[PDB]
Amino acid sequence: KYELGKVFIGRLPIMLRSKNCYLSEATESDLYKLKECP
Amino acid sequence: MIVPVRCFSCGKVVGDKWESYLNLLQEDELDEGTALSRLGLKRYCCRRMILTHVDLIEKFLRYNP
Amino acid sequence: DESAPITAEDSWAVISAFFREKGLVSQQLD
Ligand SMILES: [Zn+2]
């Protein structure tokens, strides 16, 4: 046997407050601006 | 959320007394039971109104529009 | 006396710390 990139595969739903969620490293005042409840 | 005007049980105006109560606690360091009584809230129906209030409005104000 | 036995009210100071760290849905997130 002689020898002669990064591909998209799908969209995975994120669980809120997880590492991948935006709201994970969010402060109290942060969440309020984001119209989320702390 | 937001102090009730008038005690449900007897209807003594309790709407004015809120800030005054919150003040007798921070500024005067006073315990809850004396502050209520200072404010003339003698019947427990009236006492429960202020003593057990949760002013959620203040959180509600934290959102922009 | 920092090595004195713990009282019954002190167990709440530990419970406070458990929740300060883990929160109520640590299972779901972890
Ligand atoms: Zn009353």
# chains A, B, ... in the order shown; residues from 1 in each chain; ligands from 1

$ residues_near_ligand --ligand "ligand 1" --cutoff "10 Å" --atoms "only C-alpha atoms and all ligand atoms" --output "NGL selection string"
:B and (6-14 or 41-49)

$ write_last_selection --atoms "N, CA and C atoms" --output "PDB file, in the first residue's frame"
ATOM      1  N   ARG B   6     -52.974  49.624  52.099  1.00  0.00           N
ATOM      2  CA  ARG B   6     -53.997  48.895  52.890  1.00  0.00           C
ATOM      3  C   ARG B   6     -53.822  47.367  53.166  1.00  0.00           C
ATOM      4  N   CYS B   7     -53.811  47.042  54.466  1.00  0.00           N
ATOM      5  CA  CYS B   7     -53.735  45.680  54.995  1.00  0.00           C
ATOM      6  C   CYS B   7     -54.980  44.922  54.520  1.00  0.00           C
ATOM      7  N   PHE B   8     -54.824  43.695  54.000  1.00  0.00           N
ATOM      8  CA  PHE B   8     -55.977  42.948  53.491  1.00  0.00           C
ATOM      9  C   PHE B   8     -57.063  42.766  54.537  1.00  0.00           C
ATOM     10  N   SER B   9     -56.706  42.277  55.751  1.00  0.00           N
ATOM     11  CA  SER B   9     -57.658  42.001  56.839  1.00  0.00           C
ATOM     12  C   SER B   9     -58.471  43.166  57.422  1.00  0.00           C
ATOM     13  N   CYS B  10     -57.840  44.324  57.702  1.00  0.00           N
ATOM     14  CA  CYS B  10     -58.567  45.475  58.267  1.00  0.00           C
ATOM     15  C   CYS B  10     -58.584  46.746  57.404  1.00  0.00           C
ATOM     16  N   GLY B  11     -57.680  46.822  56.437  1.00  0.00           N
ATOM     17  CA  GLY B  11     -57.583  47.957  55.540  1.00  0.00           C
ATOM     18  C   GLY B  11     -56.972  49.200  56.147  1.00  0.00           C
ATOM     19  N   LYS B  12     -55.926  49.055  56.988  1.00  0.00           N
ATOM     20  CA  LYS B  12     -55.202  50.212  57.531  1.00  0.00           C
ATOM     21  C   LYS B  12     -54.165  50.493  56.456  1.00  0.00           C
ATOM     22  N   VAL B  13     -54.072  51.751  55.951  1.00  0.00           N
ATOM     23  CA  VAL B  13     -53.080  52.090  54.916  1.00  0.00           C
ATOM     24  C   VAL B  13     -51.693  51.690  55.331  1.00  0.00           C
ATOM     25  N   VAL B  14     -51.041  50.933  54.483  1.00  0.00           N
ATOM     26  CA  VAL B  14     -49.742  50.406  54.808  1.00  0.00           C
ATOM     27  C   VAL B  14     -48.788  50.830  53.696  1.00  0.00           C
ATOM     28  N   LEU B  41     -48.002  49.707  63.630  1.00  0.00           N
ATOM     29  CA  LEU B  41     -48.616  48.491  63.112  1.00  0.00           C
ATOM     30  C   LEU B  41     -48.799  47.516  64.293  1.00  0.00           C
ATOM     31  N   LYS B  42     -49.936  47.628  65.035  1.00  0.00           N
ATOM     32  CA  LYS B  42     -50.154  46.795  66.223  1.00  0.00           C
ATOM     33  C   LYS B  42     -50.836  45.443  65.992  1.00  0.00           C
ATOM     34  N   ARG B  43     -51.892  45.404  65.181  1.00  0.00           N
ATOM     35  CA  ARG B  43     -52.574  44.141  64.924  1.00  0.00           C
ATOM     36  C   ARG B  43     -51.706  43.255  64.011  1.00  0.00           C
ATOM     37  N   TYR B  44     -51.575  41.951  64.339  1.00  0.00           N
ATOM     38  CA  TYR B  44     -50.777  41.025  63.523  1.00  0.00           C
ATOM     39  C   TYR B  44     -51.124  40.967  62.021  1.00  0.00           C
ATOM     40  N   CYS B  45     -52.392  41.246  61.661  1.00  0.00           N
ATOM     41  CA  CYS B  45     -52.865  41.316  60.271  1.00  0.00           C
ATOM     42  C   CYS B  45     -52.103  42.411  59.533  1.00  0.00           C
ATOM     43  N   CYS B  46     -51.900  43.538  60.216  1.00  0.00           N
ATOM     44  CA  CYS B  46     -51.173  44.673  59.679  1.00  0.00           C
ATOM     45  C   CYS B  46     -49.681  44.381  59.695  1.00  0.00           C
ATOM     46  N   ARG B  47     -49.199  43.784  60.792  1.00  0.00           N
ATOM     47  CA  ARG B  47     -47.792  43.419  60.948  1.00  0.00           C
ATOM     48  C   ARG B  47     -47.327  42.508  59.791  1.00  0.00           C
ATOM     49  N   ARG B  48     -48.107  41.430  59.505  1.00  0.00           N
ATOM     50  CA  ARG B  48     -47.794  40.452  58.456  1.00  0.00           C
ATOM     51  C   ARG B  48     -47.663  41.036  57.069  1.00  0.00           C
ATOM     52  N   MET B  49     -48.373  42.151  56.840  1.00  0.00           N
ATOM     53  CA  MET B  49     -48.369  42.850  55.564  1.00  0.00           C
ATOM     54  C   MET B  49     -46.943  43.319  55.184  1.00  0.00           C
TER      55      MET B  49
END

$ select_by_dssp --residues "chain A" --states "helix (DSSP H, G or I)" --output "PyMOL selection string"
chain A and resi 22-25+28-33

$ interface_residues --of "chain C" --to "chain A" --cutoff "9 Å" --atoms "only C-alpha atoms" --output "number ranges by chain"
C: 28-30

$ closest_atom_pairs --of "chain B" --to "chain A" --cutoff "7 Å" --atoms "only C-alpha atoms" --output "CSV"
residue,atom,partner,partner_atom,distance
B:62,CA,A:32,CA,6.3
B:63,CA,A:32,CA,5.5
B:64,CA,A:33,CA,6.7

$ atom_distance --atom1 "atom CA of residue B:2" --atom2 "atom CA of residue B:35"
19.1 Å

$ atom_distance --atom1 "atom CA of residue C:12" --atom2 "atom CA of residue B:50"
27.6 Å
